[PDB]
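**Q** Quick one: the structure is below, questions incoming.
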Amino acid sequence: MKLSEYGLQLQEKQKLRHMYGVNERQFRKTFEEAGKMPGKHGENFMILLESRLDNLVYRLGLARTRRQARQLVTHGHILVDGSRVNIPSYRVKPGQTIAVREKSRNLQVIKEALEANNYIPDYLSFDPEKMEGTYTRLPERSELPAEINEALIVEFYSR
């Protein structure tokens, strides 16, 4: 009942869930769905989250914030590998790219986020000319939030 480490664990899970705003259904599911690769389930969880269609959009600088990258997806405006994906929970993987939709290119919210280029990761190749964000490699932890953890969340399911 008094302060204890058991709480700090479920805590790291909350703040993280509020980080990119991953719904619980996406948080728990994405987890058991990451237990597939033998690369430490923890890391795998921090990897799938990045695949978040919205994150990628807000990362390549196609939107100023999640409220901008979220509406862009749902409003069907991103062509993954050349395919519209109005699904925010879907997930992308190397061998495909994110390409804004033609009728959705002069969007001020985008033409406005292109300038807000807050540095683009090294595994993401962005071509402003065609507005194509290619996933050329997987994301490492060196870039993903460092003030975040996942072990305390690993055993959480063991409870």
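Every chain in the structure tokens has a letter given in the order shown (A, B, ...), and although residue numbers restart at 1 in each chain, ligands are simply numbered from 1 in the order shown.
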Could you list, as a ChimeraX atom specification, every residue within 12 Å of residue 109 of chain A, counting only C-alpha atoms and ignoring same-chain residues fewer than 4 positions away?
**A** /A:57-58,61-72,104-105,113-116
**Q** Convert the current residue selection to file output with N, CA, C and O atoms, as a PDB file, in the first residue's frame.
**A**
ATOM      1  N   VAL A  57       4.300   9.995 -40.075  1.00  0.00           N
ATOM      2  CA  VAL A  57       3.864  11.266 -40.725  1.00  0.00           C
ATOM      3  C   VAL A  57       4.376  12.469 -39.922  1.00  0.00           C
ATOM      4  O   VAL A  57       5.024  13.349 -40.453  1.00  0.00           O
ATOM      5  N   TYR A  58       4.080  12.523 -38.652  1.00  0.00           N
ATOM      6  CA  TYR A  58       4.539  13.680 -37.827  1.00  0.00           C
ATOM      7  C   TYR A  58       6.072  13.698 -37.758  1.00  0.00           C
ATOM      8  O   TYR A  58       6.673  14.714 -37.472  1.00  0.00           O
ATOM      9  N   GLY A  61       7.894  15.151 -40.930  1.00  0.00           N
ATOM     10  CA  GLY A  61       7.634  16.623 -40.997  1.00  0.00           C
ATOM     11  C   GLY A  61       6.461  16.909 -41.941  1.00  0.00           C
ATOM     12  O   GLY A  61       6.384  17.955 -42.553  1.00  0.00           O
ATOM     13  N   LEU A  62       5.540  15.989 -42.056  1.00  0.00           N
ATOM     14  CA  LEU A  62       4.361  16.201 -42.948  1.00  0.00           C
ATOM     15  C   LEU A  62       3.239  16.844 -42.134  1.00  0.00           C
ATOM     16  O   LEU A  62       2.237  17.278 -42.664  1.00  0.00           O
ATOM     17  N   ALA A  63       3.413  16.918 -40.845  1.00  0.00           N
ATOM     18  CA  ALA A  63       2.379  17.543 -39.969  1.00  0.00           C
ATOM     19  C   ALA A  63       3.092  18.183 -38.774  1.00  0.00           C
ATOM     20  O   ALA A  63       4.174  17.779 -38.396  1.00  0.00           O
ATOM     21  N   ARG A  64       2.510  19.192 -38.198  1.00  0.00           N
ATOM     22  CA  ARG A  64       3.167  19.875 -37.051  1.00  0.00           C
ATOM     23  C   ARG A  64       3.044  19.037 -35.779  1.00  0.00           C
ATOM     24  O   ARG A  64       3.966  18.963 -34.991  1.00  0.00           O
ATOM     25  N   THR A  65       1.913  18.427 -35.554  1.00  0.00           N
ATOM     26  CA  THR A  65       1.736  17.627 -34.305  1.00  0.00           C
ATOM     27  C   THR A  65       0.841  16.416 -34.573  1.00  0.00           C
ATOM     28  O   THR A  65       0.350  16.222 -35.668  1.00  0.00           O
ATOM     29  N   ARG A  66       0.627  15.599 -33.578  1.00  0.00           N
ATOM     30  CA  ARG A  66      -0.234  14.400 -33.767  1.00  0.00           C
ATOM     31  C   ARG A  66      -1.609  14.839 -34.272  1.00  0.00           C
ATOM     32  O   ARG A  66      -2.172  14.237 -35.165  1.00  0.00           O
ATOM     33  N   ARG A  67      -2.150  15.887 -33.716  1.00  0.00           N
ATOM     34  CA  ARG A  67      -3.485  16.361 -34.176  1.00  0.00           C
ATOM     35  C   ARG A  67      -3.424  16.618 -35.682  1.00  0.00           C
ATOM     36  O   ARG A  67      -4.418  16.553 -36.377  1.00  0.00           O
ATOM     37  N   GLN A  68      -2.255  16.904 -36.188  1.00  0.00           N
ATOM     38  CA  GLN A  68      -2.100  17.164 -37.648  1.00  0.00           C
ATOM     39  C   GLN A  68      -1.795  15.847 -38.368  1.00  0.00           C
ATOM     40  O   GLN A  68      -2.355  15.558 -39.404  1.00  0.00           O
ATOM     41  N   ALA A  69      -0.924  15.042 -37.830  1.00  0.00           N
ATOM     42  CA  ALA A  69      -0.607  13.748 -38.498  1.00  0.00           C
ATOM     43  C   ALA A  69      -1.791  12.787 -38.350  1.00  0.00           C
ATOM     44  O   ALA A  69      -2.025  11.943 -39.193  1.00  0.00           O
ATOM     45  N   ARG A  70      -2.539  12.905 -37.289  1.00  0.00           N
ATOM     46  CA  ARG A  70      -3.703  11.994 -37.097  1.00  0.00           C
ATOM     47  C   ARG A  70      -4.769  12.298 -38.154  1.00  0.00           C
ATOM     48  O   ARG A  70      -5.193  11.429 -38.890  1.00  0.00           O
ATOM     49  N   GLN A  71      -5.212  13.523 -38.226  1.00  0.00           N
ATOM     50  CA  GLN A  71      -6.259  13.883 -39.225  1.00  0.00           C
ATOM     51  C   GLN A  71      -5.769  13.571 -40.642  1.00  0.00           C
ATOM     52  O   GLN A  71      -6.541  13.190 -41.499  1.00  0.00           O
ATOM     53  N   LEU A  72      -4.498  13.721 -40.902  1.00  0.00           N
ATOM     54  CA  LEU A  72      -3.988  13.423 -42.272  1.00  0.00           C
ATOM     55  C   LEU A  72      -4.264  11.953 -42.598  1.00  0.00           C
ATOM     56  O   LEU A  72      -4.776  11.627 -43.651  1.00  0.00           O
ATOM     57  N   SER A 104      -3.918  15.647 -51.762  1.00  0.00           N
ATOM     58  CA  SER A 104      -3.596  16.061 -50.355  1.00  0.00           C
ATOM     59  C   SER A 104      -2.127  16.481 -50.261  1.00  0.00           C
ATOM     60  O   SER A 104      -1.417  16.041 -49.381  1.00  0.00           O
ATOM     61  N   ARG A 105      -1.664  17.322 -51.158  1.00  0.00           N
ATOM     62  CA  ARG A 105      -0.229  17.765 -51.119  1.00  0.00           C
ATOM     63  C   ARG A 105      -0.144  19.277 -50.894  1.00  0.00           C
ATOM     64  O   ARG A 105       0.739  19.751 -50.213  1.00  0.00           O
ATOM     65  N   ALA A 113       4.162  22.002 -42.385  1.00  0.00           N
ATOM     66  CA  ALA A 113       5.033  21.112 -41.562  1.00  0.00           C
ATOM     67  C   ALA A 113       6.340  20.811 -42.311  1.00  0.00           C
ATOM     68  O   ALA A 113       7.345  20.500 -41.704  1.00  0.00           O
ATOM     69  N   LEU A 114       6.348  20.907 -43.618  1.00  0.00           N
ATOM     70  CA  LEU A 114       7.605  20.630 -44.368  1.00  0.00           C
ATOM     71  C   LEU A 114       8.713  21.551 -43.854  1.00  0.00           C
ATOM     72  O   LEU A 114       9.864  21.169 -43.777  1.00  0.00           O
ATOM     73  N   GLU A 115       8.375  22.760 -43.498  1.00  0.00           N
ATOM     74  CA  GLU A 115       9.412  23.699 -42.986  1.00  0.00           C
ATOM     75  C   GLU A 115       9.782  23.297 -41.560  1.00  0.00           C
ATOM     76  O   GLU A 115      10.918  23.413 -41.144  1.00  0.00           O
ATOM     77  N   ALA A 116       8.829  22.827 -40.809  1.00  0.00           N
ATOM     78  CA  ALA A 116       9.115  22.417 -39.409  1.00  0.00           C
ATOM     79  C   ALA A 116       9.933  21.122 -39.416  1.00  0.00           C
ATOM     80  O   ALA A 116       9.735  20.248 -38.597  1.00  0.00           O
TER      81      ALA A 116
END
**Q** Go through segment 19-119 of chain A residue by residue and, counting only C-alpha atoms, keep those with an atom at most 8 Å from segment 131-154 of chain A; for each kept residue give the shortest atom pair and its distance in Å to one decimal, ordered by chain and increasing number, as a Markdown table.
**A**
| residue | atom | partner | partner_atom | distance |
| --- | --- | --- | --- | --- |
| A:41 | CA | A:154 | CA | 7.7 |
| A:42 | CA | A:150 | CA | 5.2 |
| A:43 | CA | A:150 | CA | 7.4 |
| A:46 | CA | A:144 | CA | 7.5 |
| A:47 | CA | A:139 | CA | 6.6 |
| A:50 | CA | A:139 | CA | 7.7 |
| A:60 | CA | A:133 | CA | 6.5 |
| A:93 | CA | A:135 | CA | 6.8 |
| A:94 | CA | A:135 | CA | 5.1 |
| A:95 | CA | A:135 | CA | 6.8 |
| A:96 | CA | A:135 | CA | 6.1 |
| A:97 | CA | A:134 | CA | 3.9 |
| A:98 | CA | A:133 | CA | 4.7 |
| A:99 | CA | A:132 | CA | 4.2 |
| A:100 | CA | A:131 | CA | 6.0 |
**Q** Just to be explicit: take each residue in the selection above, keep N, CA and C atoms, and write the result as a short mmCIF file (atom, residue, chain, number, x, y, z; two decimals), in the first residue's frame.
**A**
data_model
loop_
_atom_site.label_atom_id
_atom_site.label_comp_id
_atom_site.auth_asym_id
_atom_site.auth_seq_id
_atom_site.Cartn_x
_atom_site.Cartn_y
_atom_site.Cartn_z
N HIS A 41 11.39 -8.72 -26.32
CA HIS A 41 10.00 -8.21 -26.49
C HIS A 41 9.96 -6.71 -26.17
N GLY A 42 10.60 -6.31 -25.10
CA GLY A 42 10.60 -4.87 -24.73
C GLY A 42 10.95 -4.02 -25.96
N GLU A 43 12.15 -4.14 -26.46
CA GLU A 43 12.54 -3.34 -27.66
C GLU A 43 11.47 -3.50 -28.74
N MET A 46 8.84 -1.10 -28.35
CA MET A 46 9.24 0.29 -28.68
C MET A 46 9.42 0.42 -30.20
N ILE A 47 9.51 -0.69 -30.89
CA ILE A 47 9.70 -0.65 -32.37
C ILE A 47 8.33 -0.52 -33.05
N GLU A 50 6.66 2.88 -32.99
CA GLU A 50 7.18 3.84 -34.00
C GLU A 50 6.45 3.62 -35.33
N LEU A 60 8.40 12.59 -40.36
CA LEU A 60 8.95 13.08 -41.65
C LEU A 60 8.72 14.59 -41.77
N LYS A 93 6.57 -1.49 -42.48
CA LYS A 93 7.85 -2.23 -42.22
C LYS A 93 8.79 -2.01 -43.42
N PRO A 94 10.09 -2.07 -43.21
CA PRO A 94 11.08 -1.88 -44.31
C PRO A 94 10.60 -2.52 -45.63
N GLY A 95 10.89 -1.89 -46.74
CA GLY A 95 10.45 -2.44 -48.06
C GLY A 95 9.22 -1.67 -48.54
N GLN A 96 8.86 -0.62 -47.85
CA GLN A 96 7.68 0.19 -48.26
C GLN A 96 7.94 1.65 -47.91
N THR A 97 7.15 2.56 -48.42
CA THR A 97 7.38 4.01 -48.12
C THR A 97 6.05 4.72 -47.86
N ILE A 98 6.12 5.90 -47.29
CA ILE A 98 4.89 6.70 -47.00
C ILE A 98 4.85 7.85 -48.02
N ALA A 99 3.84 7.90 -48.87
CA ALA A 99 3.77 8.99 -49.90
C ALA A 99 2.45 9.76 -49.77
N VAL A 100 2.53 11.03 -49.48
CA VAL A 100 1.30 11.86 -49.34
C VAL A 100 0.40 11.65 -50.55
#
**Q** For the atom pair atom CA of residue 33 of chain A and atom CA of residue 126 of chain A, what is the interatomic distance in Å to one decimal place?
**A**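 Spanning atom CA of residue 33 of chain A to atom CA of residue 126 of chain A is a straight-line distance of 27.9 Å.
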**Q** In Å, rounded to a single decimal, give me how far atom CA of residue 122 of chain A is from atom CA of residue 39 of chain A.
**A**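 So the two atoms, atom CA of residue 39 of chain A and atom CA of residue 122 of chain A, lie 20.4 Å apart.
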**Q** Grab the atom CA of residue 32 of chain A to atom CA of residue 54 of chain A distance for me, in Å with one decimal place.
**A** 21.1 Å
**Q** As a ChimeraX atom specification, which residues of chain A does DSSP assign to alpha helix (DSSP H)?
**A** /A:5-19,24-34,41-51,53-60,66-74,108-113,151-158
**Q** Nearest to residue 21 of chain A: which of A:90, A:156, A:74, A:55 is it, counting only C-alpha atoms?
**A** A:55
**Q** Identify which of the residues A:15, A:103, A:36, A:29 lies closest to residue 84 of chain A, counting only C-alpha atoms when measuring atom-to-atom distances.
**A**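 The answer is A:103, which sits nearest to residue 84 of chain A.
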**Q** Return as number ranges by chain the full set of residues in segment 35-134 of chain A whose backbone-based DSSP assignment is strand (DSSP E).
**A** A: 78-80, 83-84, 97-100, 124-127, 132-134
**Q** Could you write those residues out with C-alpha atoms, as a short mmCIF file (atom, residue, chain, number, x, y, z; two decimals), in the first residue's frame?
**A**
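Just written: again09.cif:
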data_model
loop_
_atom_site.label_atom_id
_atom_site.label_comp_id
_atom_site.auth_asym_id
_atom_site.auth_seq_id
_atom_site.Cartn_x
_atom_site.Cartn_y
_atom_site.Cartn_z
CA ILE A 78 -1.06 9.02 -47.09
CA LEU A 79 -0.22 6.41 -49.78
CA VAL A 80 1.82 3.63 -48.16
CA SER A 83 -1.76 2.55 -51.21
CA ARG A 84 -4.08 4.83 -49.20
CA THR A 97 7.38 4.01 -48.12
CA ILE A 98 4.89 6.70 -47.00
CA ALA A 99 3.77 8.99 -49.90
CA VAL A 100 1.30 11.86 -49.34
CA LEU A 124 13.78 7.30 -42.65
CA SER A 125 14.60 8.75 -46.09
CA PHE A 126 12.34 11.73 -46.99
CA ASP A 127 12.09 13.14 -50.54
CA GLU A 132 7.81 10.11 -50.07
CA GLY A 133 9.01 8.91 -46.63
CA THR A 134 10.82 5.63 -47.35
#
**Q** Nearest residue to residue 52 of chain A out of A:81, A:18, A:34, A:88, using only C-alpha atoms?
**A**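 Looking only at the distances to residue 52 of chain A, the closest residue turns out to be A:88.
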